[PDB]
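Below is one structure; the comments refer to it alone.
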Amino acid sequence: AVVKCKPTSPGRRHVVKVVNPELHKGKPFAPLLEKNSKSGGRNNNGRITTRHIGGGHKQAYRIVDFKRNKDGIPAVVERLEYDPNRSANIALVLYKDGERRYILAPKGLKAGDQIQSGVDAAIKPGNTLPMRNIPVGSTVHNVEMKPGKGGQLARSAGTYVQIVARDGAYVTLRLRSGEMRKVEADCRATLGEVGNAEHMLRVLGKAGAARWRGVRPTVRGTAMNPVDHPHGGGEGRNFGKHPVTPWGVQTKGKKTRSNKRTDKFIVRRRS
Amino acid sequence: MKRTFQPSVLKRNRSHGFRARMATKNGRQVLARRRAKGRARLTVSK
RNA sequence: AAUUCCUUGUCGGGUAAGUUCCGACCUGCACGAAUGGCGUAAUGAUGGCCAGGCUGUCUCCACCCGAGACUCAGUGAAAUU
RNA sequence: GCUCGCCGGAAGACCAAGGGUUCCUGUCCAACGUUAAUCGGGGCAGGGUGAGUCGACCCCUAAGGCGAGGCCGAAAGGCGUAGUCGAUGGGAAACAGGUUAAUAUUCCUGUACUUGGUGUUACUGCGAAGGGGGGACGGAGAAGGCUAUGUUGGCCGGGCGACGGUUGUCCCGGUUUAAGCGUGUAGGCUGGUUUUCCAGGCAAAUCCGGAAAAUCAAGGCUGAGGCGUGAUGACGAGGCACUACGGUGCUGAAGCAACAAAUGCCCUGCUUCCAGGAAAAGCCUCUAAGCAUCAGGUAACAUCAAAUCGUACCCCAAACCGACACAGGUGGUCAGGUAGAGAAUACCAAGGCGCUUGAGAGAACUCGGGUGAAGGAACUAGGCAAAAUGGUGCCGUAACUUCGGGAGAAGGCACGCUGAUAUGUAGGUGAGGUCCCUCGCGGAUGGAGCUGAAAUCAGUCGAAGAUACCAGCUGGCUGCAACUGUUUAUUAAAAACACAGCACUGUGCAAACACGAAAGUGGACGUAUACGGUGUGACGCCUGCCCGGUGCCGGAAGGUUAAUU
RNA sequence: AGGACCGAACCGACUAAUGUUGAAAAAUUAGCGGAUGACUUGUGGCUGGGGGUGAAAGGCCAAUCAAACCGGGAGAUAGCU
């Protein structure tokens, strides 16, 4: 549910919250927790390799099962849990044999819902099957890119891909970016859409809210002096050059994809 | 006013201690230079 | 106009008197729409302006209480030349 | 030694860090001390630091470091696996009293506790580099129950007043006692017990997880404080004999109650919120390989062991960082009285200090303050500075507005003391007695005692009752930026930077991009509702025309065009 | 509930005076801002010089910053004093 905070102070006027009463109001499943230390955007050389990363709330990593290889064993959803590591919510599922796991929460999955994986699973949201058995034209998520390595596509809050065609050992998919990509017809995918669609409607409302997320402030570059940035310098606001990164790349249309290793799985890149 | 030197024995030994110097080739050259000069106190160990 | 050179533009307001300020005028030297335009409640150790209160800020300084300055004893510098 | 003054959320007390003998005693005064010096953190000499329980070491790990092989790199070397290090975190146990010129939870007295080795006895499935549990965790808020502690009364001892009064509702002092052990309370959490079964916990498992039945509701865990014991003790105001008037033997009364009450404890709790809140070991269990009249395990008793290093002293400062015995800087702990909302402020207690040149004089001028006739911003770049406002309660409060605000708008009224209502009220606290009871730290009734606002009425003193310290000037118009924030340490705090929001653009994951000759790492254990870059900068109304130039993104005929041949 | 309000500790540094061979190579005094947060602080760790870090001032990187410090090339060169 999207709720707008009342303007009791400057900083709450524009705050828009996404409150989900169904989320578990308690500690997560301890056996599936792991330490997750922050990096501040610095690599093993100690240099900042990604700017605007630092601070934020302490977070514990939840081991989410993106492979869904427990075939032939029904699982019942125990509860929906908040996951600080991702935009989507996770679901604690208990299998008939007594094993518990975390999975991405689909659109309409609730406590007590039954899910299954394998080639004989039913075509209902939350079930995972190889795309060979998935009917064409259906909506799936957590899509594997290579058989057996776990889902990598459509994992965000309200993302999903659509199976458009299946010619041979490959199936063509339309991604949220609009790209038309084909993958092997043995990669597992989960029916339905990742359910947190309202996640995009949140409004942070203040600078501190971004700092909680661990995002450090961004300095434009036109206010940086020439020694620090190509855009820096000038008496006043001049900016008389083409827009460019730090380090001197265009940033306003210049395509940067130079992989060429795949160059077959792309059909309708985008736009 | 806080001054530049804020003593700490642990930090002193870790940064300039004898074992720290021996840990790298350049540090070992520092000891060799000081030995050649005849320094009474090779490092800040004690 | 944080932009107007001519310029203290012209008119009105405020003052006994206002190159500032406020409201209009448009002849915009040389505004202008995300290097954003125009508004905007709240906020500001922010810029400008006007009032009440308040006063030694001032007309115009007077006296007083203390620390130095001055004298005695002890110690005893400096720039410069 | 007697006065005076100053600090008292410290200018007192105890530590870490850092220093390293500055500690105590004797002795000396050249130099050092901004003066003298008999004195000193100065010179010289001697003395002083006592631990199974405090800390370190040690066991365990975080960030991170190193890193056998390994991968990579002209060399040097880089990264990193297994591992091994690394506290600022987790992990066994001691308290009170006494004592030295200088140390003590370390010595002494009294009374305790912890972890191991060995031996005896009794009963026994023991076994890990493996599994599970536990350890184990956020912010804010809300009370309730407590204690530290304080006040008063009672009790005990002493006192009868340098000047009117003071045998009383008077004055002064004391009224202190731990860990441990026993009890398991206010309160918090959780349904127990038995049987059968199983794709899970890398194999196994009686353990964990899951499933299906049967039977009972009382089972368990956690838990401040209180009470009992510890304690016929210790301590204790004062006495009595030595008493070099430096102190030691002995003795030593009362040692209770009520009320108030924490920021400390119950509480790692409870409630709530989103930004969703370490790790590992010790510890408790489970079995595998193995060993089973052994070995090992559990309980009792006995005995032995618990090493080594630190321990003086300063530690908001004269001993640390600032060249100084320097208006500076420096983390943690303790937190009395009156007034007060208070850790503000004033005056005080415990305790500690008067800041290492003084003595006179009472000119100009400077510094820091007090007051001021009449005027009241005429000063000045500018109300700079100063003056002024200042508290609580009630009444009352505009334009505008994003409906929250603006607002403490503005403005007005009342504040002391005494008596009465009421020999102290409303309220809080709660004894005795009675009754009930699963007979206990219980429940109900009960109201003694204690504590105690606020208000009304009447009276009364002063020029003045929020009398001191403390403690908003207010209003009108307007530029800029939405806002809280950030910035030129050391002349600029702003209209500059950030900002939420918006838009463009890149990026399909071995992502773009970034640091790296490379390996690799960050991005991210993320996956287009994501991430990077760029510009704009809340919100409201909007964001027009131009693609010739430059850039970017596509295109295809033709022209031109490198190595090569 | 709040990058909410008033206000100590704590963190800052808007104004004035003093000081300017200072008590102090940036402080003192009286006012001033924030004071549950984009807060503050102890301990340890990481990032290294054309590099770091930077809510961006060319700020900061040991009282030194439009390229730190130390040693070396080195007696650089100096048509200038």
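All heavy atoms count here, side chains included; hydrogens, waters and symmetry mates do not. The chains referred to below are lettered A, B, ... by the order of the sequence lines, with proteins before strands, and numbering in each begins at 1.
- In textbook terms, a nucleotide whose glycosidic angle is within 90° of 0 is syn, and D/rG41 is one such case.
- Across all strands shown, the partner of C/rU59 is D/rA374, judged by Watson-Crick or G-U wobble contacts whose two distances both fall under 3.5 Å.
- Base orientation of D/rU49: syn, since the glycosidic angle falls within 90° of 0.
- Base pairing of D/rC250 is made with D/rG239, judged by Watson-Crick or G-U wobble geometry with both donor-acceptor distances under 3.5 Å.
- Distance from the side chain of A/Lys149 is smallest to D/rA510 among E/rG3, D/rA512, D/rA510.
- Base pairing analysis places C/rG39 opposite D/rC539; the two distances defining the Watson-Crick or G-U wobble pair are each below 3.5 Å.
- The listed nucleotides are D/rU550, E/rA27, D/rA514; the one nearest the side chain of A/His242 is D/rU550.
- Taking a centre distance below 5.5 Å and an interplanar angle below 30 degrees as the stacking criterion, A/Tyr82 stacks against the six-membered base ring of D/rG276.
- Atom P of nucleotide D/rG210 and atom CD of A/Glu78 are separated by 7 Å, given to the nearest angstrom.
- Remark: D/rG449 base-pairs with D/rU429; criterion is Watson-Crick or G-U wobble with both hydrogen-bond distances under 3.5 Å.
- The side-chain ring of A/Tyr61 is stacked on the base of D/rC525, judged by centre separation under 5.5 angstrom and plane angle under 30 degrees.
- Two residues are said to be in side-chain contact when any heavy atoms from C-beta on lie closer than 4.5 Å; A/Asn142 and A/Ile103 fail this criterion.
- Picking from D/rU521, D/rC509, D/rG277 the nucleotide with the shortest atom distance to the side chain of A/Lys27 gives D/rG277.
- With distances taken from any side-chain atom of A/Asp228 to the nucleotides D/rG404, E/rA56, D/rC525, the minimum falls on E/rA56.
- Closest contact between the side chain of B/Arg14 and the listed nucleotides E/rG45, D/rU529, D/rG526 involves E/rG45.
- At D/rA218 the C1'-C2'-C3'-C4' dihedral is negative, so the sugar adopts a south, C2'-endo-type conformation.
- Nucleotide E/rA57 forms no Watson-Crick or G-U wobble pair with any nucleotide shown, as no partner meets the under 3.5 Å limit on both distances.
- One can place CZ of A/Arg213 at 11 Å from P of D/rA500, the figure rounded to the nearest angstrom.
- Between D/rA495 and D/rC483, the two P atoms lie 7 Å apart (nearest whole Å).
- Ranking D/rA514, E/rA38, D/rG276 by closeness to the A/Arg211 side chain, first place goes to E/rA38.
- Among the nucleotides D/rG276, E/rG54, E/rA56, the one closest to the side chain of A/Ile48 is E/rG54.
- For the pair A/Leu32 CG and D/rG201 P, the interatomic distance rounds to 13 Å; values are reported in whole Å.
- No salt bridge links A/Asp113 with A/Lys124; every basic N to acidic carboxylate O contact stays at or beyond 4.0 Å.
- The pair A/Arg100-A/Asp65 does not meet the salt-bridge criterion, since no charged nitrogen lies less than 4.0 angstrom from a carboxylate oxygen.
- A/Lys4 NZ: more than 12 foreign heavy atoms inside a 6.0 Å radius.
- Residue A/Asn36 is classed as a sugar-phosphate contact, given heavy-atom separations below 4.0 Å to backbone atoms only.
- Here the closest non-hydrogen pair linking A/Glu198 and A/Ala1 is OE1-N, 2.8 Å.
- The CG-P distance, from A/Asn45 to D/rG522, rounds to 11 Å in whole Å.
- Atom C1' of D/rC24 sits at a distance of 25 Å from the matching atom of D/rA16, rounded to the whole Å.
- Its glycosidic angle being more than 90° from 0, D/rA346 falls on the anti side.
- Sugar pucker of D/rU467: south, since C1'-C2'-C3'-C4' comes out negative.
- The furanose ring of D/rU38 falls on the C2'-endo (south) side of the pseudorotation cycle, as its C1'-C2'-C3'-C4' torsion is below zero.
- Between A/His52 and E/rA55 there is no side-chain polar atom (N or O) within less than 4.0 angstrom of OP1 or OP2.
- Separation of the P atoms belonging to D/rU152 and D/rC170 is 12 Å when rounded to the nearest angstrom.
- Separating the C1' atom of C/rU80 from that of D/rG362 is a span of 37 Å, rounded to the nearest Å.
- Under the Watson-Crick or G-U wobble criterion, with both distances below 3.5 Å, D/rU118 is paired with D/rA302.
- Here D/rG419 sits opposite D/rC457 as a Watson-Crick or G-U wobble pair (both hydrogen-bonding atom distances under 3.5 Å).
- Comparing D/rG533, E/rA56, D/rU521 by their closest approach to the side chain of A/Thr251 singles out D/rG533.
- For A/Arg86, taking side-chain heavy atoms from C-beta onward, the closest of the listed nucleotides E/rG44, D/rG526, D/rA76 is D/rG526.
- Between A/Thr159 and D/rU527 there is no side-chain polar atom (N or O) within less than 4.0 angstrom of OP1 or OP2.
- The torsion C1'-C2'-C3'-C4' is the criterion here, and for D/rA495 it is negative, giving a south pucker.
- Distance check on atom P: D/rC394 versus C/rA51 gives 38 Å, rounded to whole Å.
- Pair assignment for C/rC25 gives C/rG9, based on Watson-Crick or G-U wobble hydrogen-bonding distances that are each under 3.5 Å.
- By the neighbour-count criterion of 12 heavy atoms within 6.0 Å, atom CZ of A/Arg132 is densely surrounded, having more than that number from other residues, nucleotides or ligands.
- You'll find that the side chain of A/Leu175 is closest to D/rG508, out of E/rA4, D/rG508, E/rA62.
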